[PDB]
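Here is the structure we will look at, set down as structure tokens.
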Amino acid sequence: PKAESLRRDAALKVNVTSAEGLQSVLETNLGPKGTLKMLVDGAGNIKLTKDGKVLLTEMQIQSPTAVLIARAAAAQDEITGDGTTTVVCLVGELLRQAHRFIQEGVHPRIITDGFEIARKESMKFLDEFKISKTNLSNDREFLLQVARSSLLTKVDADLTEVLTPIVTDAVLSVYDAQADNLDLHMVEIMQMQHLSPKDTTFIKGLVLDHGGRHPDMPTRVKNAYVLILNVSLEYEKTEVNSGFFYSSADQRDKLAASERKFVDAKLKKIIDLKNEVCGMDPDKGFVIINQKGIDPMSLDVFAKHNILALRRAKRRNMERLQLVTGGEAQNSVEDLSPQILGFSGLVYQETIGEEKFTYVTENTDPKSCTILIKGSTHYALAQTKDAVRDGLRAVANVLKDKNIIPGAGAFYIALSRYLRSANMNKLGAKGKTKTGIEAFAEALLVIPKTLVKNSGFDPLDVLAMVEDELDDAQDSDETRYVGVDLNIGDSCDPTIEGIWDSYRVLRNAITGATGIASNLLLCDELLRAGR
Amino acid sequence: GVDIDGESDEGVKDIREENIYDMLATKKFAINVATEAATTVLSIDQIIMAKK
């Protein structure tokens, strides 16, 4: 005779409790006032990243509840690319607000169905709250303050002014004005140590790994022709099998020079191309790419003509050089044509004993960009790279989608106020739906309270000043947006400050966090099987 | 400056007499490194490692 109502509550509470521990960890690092987390494997891998999705991939969690939280950000990084920590804060806080309602006897289906109703009503208020921005290219001045939203989060704000023109000029230079799209794969990121992070500068062309080493090479070459050389200039052998037979060491040089005539014969046609077109004209140069190796004999030959010698080039980087420079790949020297030469500007090579980089920059139509992130320590390379990749993907949805939303908790506070007064006027859902809407409205107010909590200002005072300001704006018959100012502690105008978030980022954040958090409360029992 | 003492009578003396000074390139560059070194420690509120 066993019939149990004791199945009301179960490990679901532990599922909510396990989510509370993950919330307190990711509550401190949210926003520009957050903290920089550090994880160490013990084998020498040290990475400092404030992003939530990046850290969860290096940490295994036995609790299956936190597994879906990390998997919910998989669609966010591949589409939105920003707000992974904010989505987690909305999933964890919503479980705490619903914890009090579960103990009172409220069935979780009404709690779950009440979130989907408020989510559909939030999309209607989202279209009126958004602001459509034109696609004109004169908005670059406005895009500077928008790009700072993602930059100020991952750094201390001292390096934001340095990376601001680099991120802005990277996308707009290769993007013609139309609908189209933008591709971030063409932007390559390289790193070199023994330098300060404040030396980061923008690179228009492509950076090359192995540079030429010789004291007589010209430092600066203006208006030079780029020529792809596919033939190997290293030591070569006779096309048929043979051997070197010499009685004395003097006779060996006669047989060794016979195989070297094949390389010297092709070098005579290369040096004639320089003097053929603008040989004696000033501000002219001739640069050889030569992806393959270089023999030591050509070092003195190319130095007298001031020809840049390069070797050991990456195969992937050669495909971009054809687009930037325009010169086609020349396999044979006999087939070389004067039209193969491309166009380039001033090329200067920095002299460093460890490495030497060649700048392909200053081109008419490069159609490519390179962001060079250099730092002395290990964490400086990983931290800055995380802010650049998050900054490029945040602006990616700004140029594609003409709609823009103000950040700094502008939409989270406004939506909670609209859904509060709209539920009493409609009353078309159900009387028990108020438990789900009130819990959803209070779950959206944690984001503005989380940002101010890390700054030290009282979250209770900032909440009262915003609610009192919105009431006076309705009676004044105007439209005034209110936002949380973390530095001063009072309210602020998000249009003047310049804090803006993309439409697609916050659209999938509210929708994504609603479905994942609702599915957590749907678990009746945790079963362990398969072993 | 800070005198080693152990001699003379009492007090300190001019450090320029012994031609001892700190180069500005050493001191100015050390300030930027000292601030960034303590900033990382104070910015990390949690650490997670494994037993080794």
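The chains in the structure tokens are called A, B, ... from first to last as shown; in each chain the residues are counted from 1, and the ligands are counted from 1 in the order shown.
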
Tell me as a PDB file with N, CA, C and O atoms, in the first residue's frame which residues belonging to chain B come within 12 Å of chain A, counting only C-alpha atoms.
```pdb
ATOM      1  N   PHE B  29      60.213  53.457 -15.817  1.00  0.00           N
ATOM      2  CA  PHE B  29      59.690  52.215 -16.375  1.00  0.00           C
ATOM      3  C   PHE B  29      59.297  51.230 -15.280  1.00  0.00           C
ATOM      4  O   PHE B  29      58.444  50.364 -15.506  1.00  0.00           O
ATOM      5  N   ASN B  32      55.419  51.756 -13.991  1.00  0.00           N
ATOM      6  CA  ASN B  32      54.373  51.136 -14.798  1.00  0.00           C
ATOM      7  C   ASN B  32      54.325  49.627 -14.596  1.00  0.00           C
ATOM      8  O   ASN B  32      53.252  49.023 -14.705  1.00  0.00           O
ATOM      9  N   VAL B  33      55.467  49.005 -14.303  1.00  0.00           N
ATOM     10  CA  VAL B  33      55.493  47.565 -14.076  1.00  0.00           C
ATOM     11  C   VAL B  33      54.977  47.229 -12.682  1.00  0.00           C
ATOM     12  O   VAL B  33      54.284  46.223 -12.490  1.00  0.00           O
ATOM     13  N   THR B  35      52.749  48.878 -10.889  1.00  0.00           N
ATOM     14  CA  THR B  35      51.303  49.056 -10.795  1.00  0.00           C
ATOM     15  C   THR B  35      50.560  47.912 -11.474  1.00  0.00           C
ATOM     16  O   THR B  35      49.551  47.424 -10.950  1.00  0.00           O
ATOM     17  N   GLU B  36      51.041  47.470 -12.638  1.00  0.00           N
ATOM     18  CA  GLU B  36      50.393  46.367 -13.338  1.00  0.00           C
ATOM     19  C   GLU B  36      50.606  45.031 -12.639  1.00  0.00           C
ATOM     20  O   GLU B  36      49.794  44.117 -12.818  1.00  0.00           O
ATOM     21  N   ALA B  37      51.674  44.896 -11.850  1.00  0.00           N
ATOM     22  CA  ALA B  37      51.906  43.646 -11.133  1.00  0.00           C
ATOM     23  C   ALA B  37      50.922  43.480  -9.982  1.00  0.00           C
ATOM     24  O   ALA B  37      50.373  42.391  -9.781  1.00  0.00           O
ATOM     25  N   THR B  39      48.050  45.084  -9.799  1.00  0.00           N
ATOM     26  CA  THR B  39      46.686  45.168 -10.312  1.00  0.00           C
ATOM     27  C   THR B  39      46.124  43.785 -10.613  1.00  0.00           C
ATOM     28  O   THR B  39      44.954  43.507 -10.322  1.00  0.00           O
ATOM     29  N   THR B  40      46.943  42.903 -11.189  1.00  0.00           N
ATOM     30  CA  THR B  40      46.475  41.561 -11.525  1.00  0.00           C
ATOM     31  C   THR B  40      46.132  40.764 -10.271  1.00  0.00           C
ATOM     32  O   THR B  40      45.140  40.026 -10.250  1.00  0.00           O
ATOM     33  N   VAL B  41      46.933  40.908  -9.213  1.00  0.00           N
ATOM     34  CA  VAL B  41      46.678  40.164  -7.983  1.00  0.00           C
ATOM     35  C   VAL B  41      45.390  40.641  -7.323  1.00  0.00           C
ATOM     36  O   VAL B  41      44.566  39.831  -6.881  1.00  0.00           O
ATOM     37  N   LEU B  42      45.190  41.960  -7.251  1.00  0.00           N
ATOM     38  CA  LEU B  42      43.986  42.497  -6.629  1.00  0.00           C
ATOM     39  C   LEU B  42      42.739  42.262  -7.470  1.00  0.00           C
ATOM     40  O   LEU B  42      41.633  42.238  -6.921  1.00  0.00           O
ATOM     41  N   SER B  43      42.887  42.089  -8.784  1.00  0.00           N
ATOM     42  CA  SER B  43      41.740  41.870  -9.655  1.00  0.00           C
ATOM     43  C   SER B  43      41.259  40.426  -9.658  1.00  0.00           C
ATOM     44  O   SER B  43      40.146  40.165 -10.128  1.00  0.00           O
ATOM     45  N   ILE B  44      42.055  39.490  -9.153  1.00  0.00           N
ATOM     46  CA  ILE B  44      41.690  38.079  -9.118  1.00  0.00           C
ATOM     47  C   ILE B  44      41.130  37.782  -7.732  1.00  0.00           C
ATOM     48  O   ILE B  44      41.869  37.778  -6.741  1.00  0.00           O
ATOM     49  N   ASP B  45      39.823  37.536  -7.657  1.00  0.00           N
ATOM     50  CA  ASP B  45      39.165  37.206  -6.401  1.00  0.00           C
ATOM     51  C   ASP B  45      38.965  35.710  -6.203  1.00  0.00           C
ATOM     52  O   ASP B  45      38.502  35.298  -5.135  1.00  0.00           O
ATOM     53  N   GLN B  46      39.300  34.888  -7.196  1.00  0.00           N
ATOM     54  CA  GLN B  46      39.114  33.448  -7.087  1.00  0.00           C
ATOM     55  C   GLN B  46      40.156  32.741  -7.941  1.00  0.00           C
ATOM     56  O   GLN B  46      40.500  33.212  -9.028  1.00  0.00           O
ATOM     57  N   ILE B  47      40.646  31.606  -7.447  1.00  0.00           N
ATOM     58  CA  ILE B  47      41.606  30.776  -8.163  1.00  0.00           C
ATOM     59  C   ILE B  47      41.143  29.328  -8.096  1.00  0.00           C
ATOM     60  O   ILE B  47      40.570  28.895  -7.090  1.00  0.00           O
ATOM     61  N   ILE B  48      41.381  28.585  -9.175  1.00  0.00           N
ATOM     62  CA  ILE B  48      41.018  27.173  -9.257  1.00  0.00           C
ATOM     63  C   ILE B  48      42.195  26.422  -9.864  1.00  0.00           C
ATOM     64  O   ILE B  48      42.641  26.751 -10.968  1.00  0.00           O
ATOM     65  N   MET B  49      42.695  25.416  -9.148  1.00  0.00           N
ATOM     66  CA  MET B  49      43.830  24.625  -9.599  1.00  0.00           C
ATOM     67  C   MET B  49      43.547  23.154  -9.327  1.00  0.00           C
ATOM     68  O   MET B  49      42.464  22.780  -8.865  1.00  0.00           O
ATOM     69  N   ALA B  50      44.537  22.313  -9.617  1.00  0.00           N
ATOM     70  CA  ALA B  50      44.447  20.880  -9.382  1.00  0.00           C
ATOM     71  C   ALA B  50      45.630  20.432  -8.535  1.00  0.00           C
ATOM     72  O   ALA B  50      46.674  21.088  -8.488  1.00  0.00           O
ATOM     73  N   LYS B  51      45.452  19.299  -7.860  1.00  0.00           N
ATOM     74  CA  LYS B  51      46.502  18.766  -7.004  1.00  0.00           C
ATOM     75  C   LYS B  51      47.646  18.218  -7.850  1.00  0.00           C
ATOM     76  O   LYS B  51      47.429  17.413  -8.762  1.00  0.00           O
ATOM     77  N   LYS B  52      48.863  18.655  -7.547  1.00  0.00           N
ATOM     78  CA  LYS B  52      50.042  18.214  -8.281  1.00  0.00           C
ATOM     79  C   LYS B  52      51.208  17.945  -7.335  1.00  0.00           C
ATOM     80  O   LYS B  52      51.863  16.906  -7.421  1.00  0.00           O
TER      81      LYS B  52
END
```

task = Kindly indicate which residue among A:117, A:422, A:87, A:182 lies nearest to residue A:440, using only C-alpha atoms for the distances.
result =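 Looking at the shortest contact to residue A:440, the residue is A:117.
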
query = Interatomic distance between atom CA of residue A:475 and atom CA of residue A:503?
reply =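 The value is 28.5 Å.
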
task = Could you give me, as a list in words, each residue of stretch 176-255 of chain A that DSSP assigns to alpha helix (DSSP H) when run on this structure's backbone?
result =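 Residues of stretch 176-255 of chain A classed as alpha helix (DSSP H): residues 249, 250, 251, 252, 253, 254 and 255 of chain A.
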
Write a file of the selected residues as a compact mmCIF listing (two decimals), in the first residue's frame, keeping N, CA and C atoms.
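The resulting result20.txt:
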```txt
# COMPACT_ATOMS: atom_id res chain seq x y z
N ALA A 249 90.57 19.62 -54.05
CA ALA A 249 89.47 20.50 -53.64
C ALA A 249 89.20 21.60 -54.66
N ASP A 250 90.20 21.97 -55.47
CA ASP A 250 89.98 23.00 -56.48
C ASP A 250 89.10 22.49 -57.62
N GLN A 251 89.16 21.19 -57.92
CA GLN A 251 88.34 20.62 -58.98
C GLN A 251 86.88 20.45 -58.55
N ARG A 252 86.60 20.46 -57.25
CA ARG A 252 85.22 20.31 -56.79
C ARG A 252 84.39 21.55 -57.11
N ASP A 253 85.00 22.74 -57.05
CA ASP A 253 84.27 23.96 -57.35
C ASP A 253 83.85 24.05 -58.81
N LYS A 254 84.55 23.36 -59.71
CA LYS A 254 84.17 23.37 -61.12
C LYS A 254 82.89 22.57 -61.34
N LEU A 255 82.76 21.42 -60.68
CA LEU A 255 81.55 20.61 -60.81
C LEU A 255 80.40 21.17 -59.98
```

inquiry  = Give me, as a PyMOL selection string, the residues of stretch 262-476 of chain A that a backbone DSSP run labels strand (DSSP E or B).
reply    = chain A and resi 285-288+294+308+329-330+347-348+359+369-372+403-406

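Residue neighbourhood of residue A:178, excluding near-sequence residues (fewer than 2 positions): residues 135, 176 and 180 of chain A, at 8 Å, using only C-alpha atoms.
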
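Take atom CA of residue A:297 and atom CA of residue A:335: the distance between them is 23.8 Å.
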
All residues 7 Å or closer to stretch 10-14 of chain B, only C-alpha atoms, same chain fewer than 4 positions away omitted, as a PDB file with C-alpha atoms, in the first residue's frame:
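In the end it all went to selection05.pdb:
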```pdb
ATOM      1  CA  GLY B   1      69.151  60.063   0.900  1.00  0.00           C
ATOM      2  CA  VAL B   2      69.323  57.124   3.288  1.00  0.00           C
ATOM      3  CA  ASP B   3      72.825  57.015   4.768  1.00  0.00           C
TER       4      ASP B   3
END
```

ask   = For residue A:364, which of A:391, A:326, A:431, A:197 is the closest residue, counting only C-alpha atoms?
value = A:326

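Picture a line from atom CA of residue A:434 to atom CA of residue A:100; it runs 14.2 Å.
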